[PDB]
Amino acid sequence: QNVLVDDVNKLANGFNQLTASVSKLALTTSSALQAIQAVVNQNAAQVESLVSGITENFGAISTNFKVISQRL
Amino acid sequence: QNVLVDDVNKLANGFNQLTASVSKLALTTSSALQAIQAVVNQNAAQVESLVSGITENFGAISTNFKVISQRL
Amino acid sequence: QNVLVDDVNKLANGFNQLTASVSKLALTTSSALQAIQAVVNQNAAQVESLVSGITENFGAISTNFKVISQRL
Amino acid sequence: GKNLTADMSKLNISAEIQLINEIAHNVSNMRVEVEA
Amino acid sequence: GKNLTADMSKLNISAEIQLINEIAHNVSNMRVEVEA
Amino acid sequence: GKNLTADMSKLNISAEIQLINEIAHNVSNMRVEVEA
Ligand SMILES: [Cl-]
Ligand SMILES: [Cl-]
Ligand SMILES: [Cl-]
């Protein structure tokens, strides 16, 4: 009945330690998630932009075959 | 030796608060992870599907050069 | 004043349970994050490698049109 | 040839990011002091 | 020209997702009641 | 035609991964024993 008072002290500090690091854990997870979202979306946008460019090229190539096939 | 009883009460509620929000933290992390997996894999599948299409086009273009180069 | 001693026991075990699973939570989150980084970066590298290849092809196609357009 | 279409998925986990930030604020405001 | 090949990696974190769901269930079942 | 350029972003969360590993080590070293 003397250790109870020390035990309450121990749990108190351990609890405040645990919450501080659960806090840190959440923030660090949040930070990773934000970076992933930015990169995944930008990489998607590039691929979309890339396909548009590839489609313009195939159209210009198709036009060239038609011009030369009839002008021949 | 009167604060012990109140202190046990405080730790009890703080513990049940902490577990509830650690629970929420895990579920929210799980939910982010699931969305990331779905998007990353779908974006990969598209690129794969895209390269197949680009390869068909280059083959058809290669065929056209050969037909016109020998038929000339 | 007899339940205090049992209550300290309960919080003790519940605290050590909570920390063990917060530990597991962090490690499992770390493991997901590592896999995501590896896959996202590799998929990016492939797209980059792919565009280089697509650019070589468009150059060779452009060369063919020029050779045949002037040699005609 | 073929009609290349992209149809890229975009990632939306803004709610999860923001809800995890709120958890990190509600914890850490859970310090437990004692005595007199 | 060149022989375009993709070789896209696919993400597999189903185990981590599921193990994190089990953690969220084992916590939250860790309420600590008291008294009489 | 057009001058295809990629400009792909690369993901860098090595610090977050490593800081989360340190959290998992600092927890779990937070066992609380008692008595005599
Ligand atoms: Cl950070
Ligand atoms: Cl959610
Ligand atoms: Cl694991």
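Calculation notes
Residues numbered from 1 in each chain as written, not as in the entry; some residues may be left out. Chains lettered and ligands numbered in written order. Heavy atoms only, no water. Residues with missing side-chain atoms left out of burial classes, pairs and counts. Helix = DSSP H or I, 4+ residues; strand = E, 2+ residues; numbered from the N terminus. Rg over C-alpha atoms; globule rule 2.2 N^0.38 Å. Patch = residues over 30% accessible without salt bridge, like charges linked within 9 Å, V, L, I, M, F, W, Y side chains within 5 Å. Areas by Shrake-Rupley, 256 points an atom, 1.4 Å probe, with all protein chains shown as cover. Salt bridge = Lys/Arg side-chain N within 4 Å of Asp/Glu carboxyl O. Buried < 20%, exposed > 50% of the residue type's maximum accessible area, 1.4 Å probe, protein only. Axes fitted to C-alpha atoms, helices over the stretch in contact; angles between N-to-C directions. Parallel < 35°, antiparallel > 145°, perpendicular 65-115°, else oblique. Left-handed = near helix turned anticlockwise from the far one by under 90°. Nonpolar A, V, L, I, M, F, W, Y, C, P; charged D, E, K, R; others polar. Contact = heavy atoms within 4.5 Å. Buried area = accessible area lost by both parts, 1.4 Å probe. Polar contact = N/O pair within 3.5 Å; in protein donor to acceptor, adjacent residues only side chain to side chain. Core = buried A, V, L, I, M, F, W, Y, C linked by side-chain atoms within 4.5 Å.

What the deposited record gives as its method is X-ray crystallography, and the resolution it gives is 2.59 Å.

Could you give me a rundown of the overall build of chain A, with the residues and numbers involved?
Along its length, chain A carries 1 helix and 0 strands. Expected size for 72 residues packed as a compact globule is a radius of gyration near 11 Å; at 31 Å, chain A overshoots this value by more than 25%. Projected onto its principal axes, the C-alpha coordinates of chain A cover approximately 105 × 10 × 5 Å.

Break down a nonpolar patch on the surface for me, citing the residues and quoting the values.
A surface patch of nonpolar side chains, about 310 Å² in accessible area, is lined by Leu72 of chain A, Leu72 of chain B together with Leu72 of chain C. By the secondary structure assignment, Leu72 of chain B is in the segment after helix 1 (3-70). The exposed category is assigned to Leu72 of chain B, whose relative accessible area is 52%.

Quick one: what's the story with the packing of helix 1 (residues 3-70) of chain A against helix 1 of chain B, residue by residue and with numbers?
Where helix 1 of chain A meets helix 1 of chain B, the closest approach of the two axes is 9 Å, and the angle between their N-to-C directions is 15°. The pairing of helix 1 of chain A with helix 1 of chain B is recorded here as roughly parallel in orientation. Helix 1 of chain B is crossed by helix 1 of chain A, and the crossing has left-handed handedness. Here the contact of helix 1 of chain A with helix 1 of chain B is composed, by residue class, of 39 nonpolar, 7 polar and 1 charged.

Pulling in residues and values, what's your account of the interface of chain D and chain A?
Taken together, the contact pairs 18 residues of chain D with 23 residues of chain A. Of the roughly 1900 Å² buried between chain D and chain A on both sides combined, carbon and sulfur atoms contribute 70%. Three residues stand out in chain D for area buried against chain A, namely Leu4, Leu11 and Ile17 of chain D, and they jointly supply 26% of the buried area on that side. Viewed at the interface, chain A and chain D are joined by 5 residue pairs in polar contact. By residue class, the composition of the side of chain D that touches chain A is 11 nonpolar, 5 polar and 2 charged.

Please set out the arrangement of the chains residue by residue, giving values where relevant.
Between chain B and chain F there is no contact, and the shortest C-alpha to C-alpha distance separating them is 13 Å. Across the gap from chain D to chain F, with no contact made, the nearest C-alpha atoms are 14 Å apart.

For the interface of chain F and chain C, give the residues involved together with the corresponding values.
Listed as interface residues are 18 residues of chain F and, on the opposing side, 23 residues of chain C. Our enumeration of links across chain F and chain C arrives at 1 salt bridge. For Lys10 of chain F, the salt bridge is made with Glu48 of chain C, and the minimal N-O distance between the two is 3.5 Å. Where chain F meets chain C, there are 5 residue pairs in polar contact. By residue class, the composition of the side of chain F that touches chain C is 11 nonpolar, 5 polar and 2 charged.

How would you explain the nonpolar core if you had to name every residue and give the values?
In this structure, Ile36 of chain A, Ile36 of chain B together with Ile36 of chain C are the most contacted members of the largest nonpolar core, which totals 63 residues. If you list the elements that add at least two residues to this core, you get helix 1 of chain A, helix 1 of chain B, helix 1 (3-70) of chain C, helix 1 (14-26) of chain D, helix 1 (14-26) of chain E together with helix 1 (14-26) of chain F. The residues touching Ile36 of chain A, leaving out its near neighbours within four places in the chain, are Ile36 of chain B, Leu33 and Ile36 of chain C, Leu11 of chain D together with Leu11 and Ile13 of chain F. Grouped together as the second largest cluster of nonpolar side chains are 33 residues, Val51 of chain A, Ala44 and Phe58 of chain C together with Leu4 of chain F included.

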